[PDB]
Structure formats: structure tokens, C-alpha cells
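Worksheet: one structure, shown below.
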Amino acid sequence: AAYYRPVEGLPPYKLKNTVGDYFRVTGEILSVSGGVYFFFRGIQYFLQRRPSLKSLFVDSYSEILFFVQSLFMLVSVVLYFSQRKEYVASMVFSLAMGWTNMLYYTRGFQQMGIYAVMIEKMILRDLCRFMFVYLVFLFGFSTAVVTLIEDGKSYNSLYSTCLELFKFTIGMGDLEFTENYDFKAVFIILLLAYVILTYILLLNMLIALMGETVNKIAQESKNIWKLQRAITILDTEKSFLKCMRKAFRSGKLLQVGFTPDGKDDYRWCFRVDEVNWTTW
Amino acid sequence: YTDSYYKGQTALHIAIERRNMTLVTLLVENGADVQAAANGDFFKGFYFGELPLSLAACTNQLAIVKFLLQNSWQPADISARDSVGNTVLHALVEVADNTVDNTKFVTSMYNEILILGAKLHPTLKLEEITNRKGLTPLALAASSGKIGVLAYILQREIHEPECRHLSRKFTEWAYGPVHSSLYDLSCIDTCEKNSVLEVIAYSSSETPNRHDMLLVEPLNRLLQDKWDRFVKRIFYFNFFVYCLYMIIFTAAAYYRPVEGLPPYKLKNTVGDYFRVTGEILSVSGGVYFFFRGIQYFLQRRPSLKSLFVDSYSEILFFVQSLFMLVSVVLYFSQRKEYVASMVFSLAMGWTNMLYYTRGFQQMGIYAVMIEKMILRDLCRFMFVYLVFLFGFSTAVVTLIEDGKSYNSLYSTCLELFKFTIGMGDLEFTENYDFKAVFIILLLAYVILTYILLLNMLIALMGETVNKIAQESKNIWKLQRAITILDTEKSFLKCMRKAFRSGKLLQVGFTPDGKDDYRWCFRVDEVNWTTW
Amino acid sequence: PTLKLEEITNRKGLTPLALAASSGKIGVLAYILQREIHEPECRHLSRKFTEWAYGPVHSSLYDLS
Ligand SMILES: CCCCCCCCCCCCC(=O)O[C@@H](COC(=O)CCC)COP(=O)(O)O[C@H]1[C@H](O)[C@@H](O)[C@@H](O)[C@@H](O)[C@@H]1O
Ligand SMILES: CCCCCCCCCCCCC(=O)O[C@@H](COC(=O)CCC)COP(=O)(O)O[C@H]1[C@H](O)[C@@H](O)[C@@H](O)[C@@H](O)[C@@H]1O
Ligand SMILES: CCCCCCCCCCCCC(=O)O[C@H](COC(=O)CCCCCC)COP(=O)(O)OCCN
Ligand SMILES: CCCCCCCCCCCCC(=O)O[C@H](COC(=O)CCCCCC)COP(=O)(O)OCCN
Ligand code: NA
């Protein structure tokens, strides 16, 4: 629905009497419906759990991400009926977030779920520290370079210089992106120092620190995945969707026979079988 | 008991299971049938071989085993076979689980029962008896991955007369530091039904210890001996022939004619004669690998899951040949799309050179590590990466709006993929409104994929390679073992080089006066203690 | 014998098992959930119970109220 959005101006767009547009508007309605669903699901989570406003930012990442996706969808609806093309700006963000939120469902598969947990850990530790230091270096050297740059007889904008210096990180730095300066030695020394500090040192250091992190979160990631699947199980059981009663266990088994009283005692037990070849 | 869950259970079975020696002796003395098999669904639960003697053996009740085997009233038939043909030794193999304590118990009980069987029936070849599947206890231990009892059996040594003939490991001589051991290789290299090497190598990939069973001393030394003897040269010759095949295929494909509508009329010129000869040889090799893949499928009968969790090289060579044959069909169908098939075969053919990295330990272990990386780390990475790539490509191409050639999902996916290879433009289009949205999307994509996910792939590869050294070595050894067995089965000249150091006289004589030749393998060792 | 001591809740509505789970007392939690007693007139207090023992095979019942 988003791919085939009409490109005329000023929404809302009058529905045309053609098959493709009927499919398009049906897809848009379903998209907004799902956005509303996730919006109210996020509200239900917030109300039923009452997060402490710190548990939101150390926990419950998936609920926040789905809720923010739905918020972008609803802002897109508001802008769409407000006659603003900026609805597209919201919609694509929701779309992007939606696909990344697909990784939520990597739980339920042990290897992919543990992998997604490791991605979470990498983002919160290694990418956080790296991005702080990297943005400090990037902004500092970008300010130095754009100060050195002197336009006239484009660059000399902090945004353009920051973008050019960022291109070094992705292996696309020109290293001669401008000549509009005096003191070419100063320009190249600044760029080389930036490259050595960020590209050669800091990015390879990020790789090394991610190796150190993954070496020591195997069991932690497995336990967190098990906890995530446990939350999935409890939420599915709580919802249960058709008045089903499959939550029960092996039955009212007569475990100990009787209490000290004459009453016979039924416990609702779960049976676990085991084998032991010593201590007969 | 007549109920299907406990069908066939008797008082003797209960007395043995309860470990009541006195009740067992009284029941046997009172006429309890020692051959009364228990066939309940529970006794399949816990399996012990559907016999009270096998029940006593499986519960570590040695006294009851001895009594039931050689009581004065009614001895139990040691060769008795259950509903599946299993004997007491098959039952002992089946209850093994390769743990330390269970392995010790199974080893002790197996040794004692075999010695007692020899003493009571010196003429009985107890271990030669197969079950209904056709497996001896050794073949069952190999088939089921019972590495503990397997290692015990293959290295079994006994030091008393009239029972040392049961052993398979025998000390030929002891000088001072130097000792010489002879391992019995009967039904290890050839058995005429199924050998231990055939069982281990051609296992169904669900066997627990298929990679580890070849580390048992005689099997490892045997496979190395076979490699050094005659298989190394044959394998290197096959590698050379495959190199010639792929060089000829590369030359023939490189110099393909560029006119339209194949087939191409042969010109009476030297270069075209060489070209068409190369094409004929390429198609011949394709047919060869096609029929070899069919032969593998028929001779193994893969379970339609073992094709895709194991035996990747056979699949790859077969698919290469399939591309070659599709290329032939399109060539004679007057379609230029044959080139599309041919290059794929060509590409696959060269990657199939990695198959021949086995036979070189470092390169073979490296290729095994490549396999593991592809199946674990590249698989997980590619799933997450493709999710991110498709999501951000859809967002970007939705944002892109042509006006006055991007705005195609393929082009945007390609541009976003270029970031992975260090060639991302980051300003590949201006055909949008909301430049902040475009650049924010691209920066988020770059941070998630290039900076985070790809470096994370490097880190996960580091963890994986750290934790698969021994597994990779064992898998390479298994691959070379499969190579050895296939070369032995083919053998190419009616040769008989698979045999061991001769019909050596290991223990001299059985309990009878007949001398016993065992086809032994000699292993020399040096020890500075236990002189 | 008539008192269900562990069913008593505190002011927060938590039983000792719920309190052990809530406060992260994994040790006492693991003890309680796997608690087994092997005498009459006290095995009713247990939660882990051995339903049967054959030879190598044993079957346990975990009370999960
Ligand atoms: C414009 C476009 C932007 C795209 C941005 C996209 C970011 C990545 C998207 C990843 C989506 C996966 C997901 O859905 O969220 C994951 C990862 O989250 C993040 O790392 C976001 C970083 C910000 C965790 O979700 P979860 O709710 O399971 O949190 C865990 C609890 O379950 C558990 O009980 C434990 O308490 C545990 O300590 C908790 O963590
Ligand atoms: C268009 C262009 C496409 C190019 C694609 C090219 C891919 C790489 C080509 C690599 C070729 C090497 C090879 O020939 O295959 C290798 C690697 O296979 C792969 O990784 C394919 C991934 C898909 C393994 O071969 P093998 O049959 O020995 O399998 C092992 C058993 O032997 C053993 O008993 C064990 O059970 C073990 O668990 C088994 O694995
Ligand atoms: C880690 C990556 C680093 C990338 C560097 C970005 C930060 C630099 C500082 C931003 C300054 C905002 C700005 O002033 O830039 C705006 C351009 O708008 C934008 O495109 C903002 C994008 C938002 C960035 C999201 C983070 C007007 O300057 P202009 O020189 O482009 O005007 C040309 C119009 N004829
Ligand atoms: C991991 C890397 C990711 C790369 C992204 C590729 C996948 C994007 C989705 C494919 C869409 C198919 C398509 O629609 O693309 C076809 C082009 O055909 C192809 O070239 C398909 C290549 C097959 C890709 C193999 C996977 C017509 O679109 P066009 O814009 O090129 O038409 C131009 C004609 N004037
Ligand atoms: Na580059």
C-alpha cells in the first residue's frame, strides 16, 4: 500500500473506480487497522503492567517499539487527512520500524532468538559507547574542517562536512572532497588524524569490543531469550483468544494419597521422567 | 500379565527388577520359566531385551545374571533372541548412553557375560549373532553411536588362557620400552554384511557420536594407514582429473561462439575442433557427475532430510551436473539461455574444488570451518540483514518520488546493498521531498547494518571459530574416512589393498585345538612405566 | 496439621514462594519448588514427589499449584 501510494498533491486522494485503487485503499485500511491494534495493545500493556517509567528504558523494548510504530502510523493518518504530504515522512518511518519489529518474532526460534538478544546487547553496550566517542570525534573534526574551509572564488556547511567525514566510516571518504581552503597541509593532517582515530582505531576497536562482548553473553543471552519466550507464553495463555483451557497439566494426580487428615489430596502435578544409573 | 502395557511380565521379571536375590532363586527353583519374554509396550518405559537374563544384565545385578545363566534348575539360553532379534549383548549395547557410570557398568557386565558364555559354550560365537536388522553387538554399538561400549569392544584385552581368544587387542610382544599390539580387524574393514567403518561413515547423521567414533585408536590408525597406502594417490589423481576437467570446461565456455541461435555449426578450423572437443569433455564430465549422484542416492537411500542436513558435496556436484545438462538441453533447443545455465555450472564447478581440500589437513579443516560459518553465522546474519535491507529499501523507495531512474524496489535494494560492500553513495538520489527523512533512514540503515550487524558478524565468526576447533577436525577426519571407503568400494583395478598386516596368529589357539588367524593390525607403542 | 502455613500472604499479598520469586531469592525458590520429604505425616508438605521407581527409570511429580 505504501509502495503504490499516489503521487498527486494534497491528500486525501479521491478513490478511482479501478481495481488497483480498490486494492490500494483496502491495503491502506488494513494498515491503519493494524496500527490502531498495536496502539491499543501498547496502551493495554502500559495499563496492565503500570511500568515505573524506568522499566520502560531498561526493559519492555519491544512493546515500546511496536507502540512507536503505531504512533507513526496514526500521525501518518492525521497528516493524511490534514492535507499534508508530510504523512509520507511518518509512514515510511512506521514502515521501516515495522520491518525491524519483525525481529521480535525471532523469539520462538532458539538460534535466531538468542541472536536477536545478542543484537540488543550489542546496541545497548558497544554501539552506545562507540557512538558517543565516534560522534565526539566526528563533530570535532567536522567543525575544525568546516572552519578551515573557506568558500568563494559546495561546502563550508557543517552538515556537508559532517556528511563527508561520515563517509570515511562507510569506506567512501574522498580525502580530497574540497580545495576551498588555505593551508592544504592543515586540511590533510586533520583528515588523516580523523581517519586514524575513527576508521583505523575506533571502528576496528568496535569490532574487537563486540568480540569481547559476544564471548561473555552466551548464557546471559540464552537466559534472556528463555525469559522472552516465557513472557510470550504467559501473554498467549492470558489472552487465550477462544475461551480455551489448555493451560492445565497432567491432571488431578493423587500424589501423596492423603494429608494427615483423612482427605485425599490432589495436587495438579507435572510429570518429569529421568534416568539414573548410580545410587540404586 | 496379559494387558498390552505389561504383556508378558512374570513373577521372575518382578523379582529381578526389585533386586531380590532370594525371591529370584526361589522362583527359579519353583519352576519359573527363564525364557518367558516380556512383550508389554512399557518394556520397549524401559527396554532391556524382553528376557530375565537381559533384565538382570541391564540392571547391574551380576549375581542374578550368573544364577540365571548357570543355575542347577534351568539355565537361561545365552543366545536367546527377543522380538527384534536382540540378544543379551544387543540389550547391553542398547541401554548404553555414553555416560561415565553407565559406560563402566555396561563394560563390566558385557565382559563378564561374554566370558561366562565362552566358558559354558566354547563352540558358540556369541558376538557373531545378528539381530533382525542384521547388526552384531559391535555393529549396533557403531550404528547407534554407543562410543563407550564401541571403544571397549575394539580395545578389549584379556589376560588369561582359554578366554584371551575373546579379546581383540592382544600384546604381540614386550621388549623394554617397546611394546607391540595387534588389533583384531574382523568386520572393521570388511564384514560382507556391514563393517564398523561403513556403519560409522554412512550413518544417517542422527547418530550422537558419528564424528567422535573414528577417534577410537584402531579406527584412526587404520584410516591413516589406508590413506597413506593407496588412497592418497588415487585421491590426488582424482583431484588432478577434476582440475583438468574444470580447466577444459573453463576454456570451452570462455571461447563460446557469440553468434545467435545455437547449435553452432562446426567450422573446419583447429580452434573450433579444440573448442568442440572441450565441449564434449565438459558434457561428458557433467553426465559422469549426474550418474554418480544418482548412484549415491540409490546406494544410500537418503531419508529426504539427510540430503539437506548432511552430504552437501554430493548435492553440490549433482546440481552442477544438473546445470550442465540443462545447458545441453537449452543448447540443442535453440535458446541462448543455455549460457545462463553453463556459467552457473562453471561457477559451481570451481567452488566444488573446495571438496578436494580434504586430504590436506589444514585446508580440509579450513573448508569444514567455511561450511560451519555458512550454516550458522551467515545464515543468521543473512536473515536479519535481509529483513533490515528489505525494510529500509521499501521505506526509501516509498519516500522516493520521481518528478521533473530510481523509484524501483530493485534499484533501491541494490543501492542499500552497496553500503554493505563499502560502496554506498549516501546521496544516490535527490528525487524526494523531506531530505531529512531520506538521510535519517539511510543513516539508521547504515548504523544497523554496516556498523552494528556486519561487525557483529565478524564477532560471531570469532566466537564460532573459537568453539569449533575439535569439531572441525573430527568432521574433516570423517570426510576423509568417507573418501577412503568410497575409494575402497570403487577400487578401479580389482585390487585388494584394503587388507591388514596378514593372517597373523594372534592368540595361537582357541579353547579347541584349532589355530586362529585374525587379520590383525599392528600398532607399536613406547612406554616407560609398567615394564 | 490443619494450618496451611505457606498459604498465608503478607501485606503485599505475597506468599513466601511468591515473595521468593518477586525478590529474586533464587536459592530458596529452587529449594521450595524442588522440595521433597521421605517420611509419612510430612511428605504432604513436599512439592516434588517420586511417583514410581523401576530400575534406571524414575518418575517425579512436581506440584505446580
Ligand atoms: C527509523 C527506523 C528506526 C529503526 C530502529 C530499530 C532498532 C532495532 C529493532 C529491534 C527490534 C527487536 C525488538 O522487538 O526488541 C528487542 C530489542 O530491543 C532493542 O534493542 C531496541 C534498542 C533501541 C528487545 O525486545 P524486548 O521487549 O523483549 O526486551 C527484553 C525483554 O523482553 C526481556 O524481558 C528482558 O527484560 C530484556 O532485558 C529486555 O531487553
Ligand atoms: C551460483 C554459485 C553458487 C556457489 C555456492 C557454493 C557454496 C560453497 C561451496 C563449497 C563446496 C565444498 C563441498 O563440497 O561441500 C562441503 C561444504 O558444503 C556446504 O557448506 C554447502 C553449503 C550450502 C561439505 O561437503 P560434505 O558432503 O562432506 O558434508 C559433510 C559430510 O561429509 C560429513 O559427513 C558431515 O556429516 C558434515 O556435517 C557434512 O556437512
Ligand atoms: C552519524 C551521521 C552524521 C551525519 C551528519 C548530520 C549532523 C550534522 C548537523 C546537522 C545540521 C542541520 C542542517 O542545518 O542541515 C540542513 C539539511 O537538512 C538535513 O538534511 C538534516 C538531516 C538530519 C540529520 C540526522 C542526524 C540544512 O543545511 P543544508 O546545508 O543542507 O542546506 C542546504 C539547502 N539548500
Ligand atoms: C542480497 C542482495 C540484495 C539485492 C536486491 C535484489 C532483490 C530485490 C527484489 C527483486 C525485484 C525483481 C525485479 O523486479 O527486478 C527486475 C530486474 O531483474 C533482476 O535483476 C533480478 C535480480 C535477481 C536478484 C537475486 C536475489 C525488474 O526490475 P527492473 O527495475 O530492473 O526493470 C528494468 C527493466 N528496464
Ligand atoms: Na569504498
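In each ligand, atom 1 is the first atom listed, and ligand 1 is the first ligand listed. FYI, side chains are in, hydrogens and waters are out, and symmetry mates aren't considered; it's all heavy atoms of this structure. Below, chain A is the first sequence line, B the second, and so on; all start at residue 1.
Here B:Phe438 and B:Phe428 bring their ring centres to under 6.0 angstrom of each other. Centroid-to-centroid, the aromatic rings of B:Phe318 and B:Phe289 stay 6.0 Å apart or farther. Not less than 6.0 angstrom separates the ring centroid of B:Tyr242 from the ring centroid of B:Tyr288.
Considering backbone and side-chain atoms together, B:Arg210 places an N or O closer than 3.5 Å to an N or O of ligand 2. The shortest N/O to N/O separation between B:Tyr312 and ligand 2 falls below 3.5 Å. Residue-to-ligand polar distances place B:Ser313 within reach of ligand 2: an N/O pair is separated by less than 3.5 Å.
At least one protein heavy atom sits closer than 4.0 Å to atom 24 (C) of ligand 1. Taking a distance limit of 4.0 Å, we find that atom 11 (C) of ligand 2 is approached by some protein heavy atom. Remark: atom 33 (C) of ligand 2 lies closer than 4.0 Å to at least one protein heavy atom.
For atom 1 (C) of ligand 2, the closest heavy atom belonging to the protein is B:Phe344 CD2, 3.9 Å. Remark: minimum distance from atom 5 (C) of ligand 2 to any protein heavy atom is reached at B:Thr351 OG1, 4.6 Å. Residue, atom and distance of the protein heavy atom nearest to atom 7 (C) of ligand 1 are B:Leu448 CD2, 4.3 Å.
Between A:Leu124, B:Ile447, A:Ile123, A:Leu65, it is A:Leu65 that holds the heavy atom closest to atom 21 (C) of ligand 1. Of the listed options B:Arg358, B:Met348, B:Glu371, B:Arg358 places a heavy atom closest to atom 28 (O) of ligand 2. For atom 35 (C) of ligand 1, the candidate residues are A:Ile231, A:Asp59, A:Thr106; the nearest heavy-atom contact is made by A:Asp59.
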For this session: Run the numbers on B:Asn474 and B:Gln470 for side chain to side chain donor-acceptor pair (under 3.5 Å), then give the verdict.
Result: CA-CA 6 Å; B:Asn474 297 338; B:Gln470 190 64 52; 3.0 Å; yes
For this session: Show the numbers, then the answer: is there a side chain to side chain donor-acceptor pair (under 3.5 Å) between B:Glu371 and B:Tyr312?
Result: CA-CA 9 Å; B:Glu371 174 188 336; B:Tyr312 299 106; 5.4 Å; no
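Distances shorter than 4.0 angstrom do not occur between any heavy atom of A:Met102 and any atom of ligand 1. Heavy atoms of B:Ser205 stay at 4.0 angstrom or farther from ligand 2.
Of all the atoms in ligand 2, the ones that sit under 4.0 Å from a non-hydrogen atom of B:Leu478 are 34 (O). Counting atoms of ligand 2 from 1 in the listed order, those under 4.0 Å from a heavy atom of B:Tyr355 are 12 (C), 14 (O). Interface of B:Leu354 with ligand 2, defined as ligand atoms under 4.0 Å from a residue heavy atom, comprises 11 (C), 12 (C).
For the atom pair OG (B:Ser303) and CD (B:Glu206), the distance works out to 6.5 Å, reported to the nearest 0.5 Å. Rounded to the nearest 0.5 angstrom, A:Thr106 OG1 and A:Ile114 CD1 are separated by 10.0 Å. Interatomic distance, OG of B:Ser345 versus CE of B:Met246, reported as 6.5 Å (0.5 Å rounding).
Of the charged side-chain nitrogens involved, at least one lies within less than 4.0 Å of a carboxylate oxygen, so that B:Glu198 and B:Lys489 count as a salt-bridged pair. Between B:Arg210 and B:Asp310 a salt bridge is recorded (basic side-chain N to carboxylate O distance below 4.0 Å).
Partner B:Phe360 forms a ring pair (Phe, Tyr, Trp, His ring centres under 6.0 Å) with one of B:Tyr236, B:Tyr355, B:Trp476 and no other, that one being B:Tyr236.
Taking the six-membered ring where the residue is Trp, B:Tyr385 and B:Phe381 present parallel rings, their angle staying beneath 30° rather than reaching 60°. Between B:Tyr356 and B:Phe317, the angle of the ring planes goes over 60°, which puts this pair in the perpendicular group of the 30/60° scheme.
Looking at B:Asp486 and B:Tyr202, their side chains do bring a donor and an acceptor atom within 3.5 Å of each other. Between the side chains of B:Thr483 and B:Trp227, no donor-acceptor pair is found at a separation under 3.5 Å.
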Which atom pairs, nitrogen or oxygen on both sides, join ligand 4 and the protein at under 3.5 angstrom?
{"from": "ligand 4", "atom 1": "30 (O)", "to": "B:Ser408", "atom 2": "OG", "distance (Å)": "3.1"}

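Residue contacts with ligand 1, taken as heavy atom pairs separated by less than 4.0 Å, involve A:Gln228 solely via side-chain atoms from C-beta onward.
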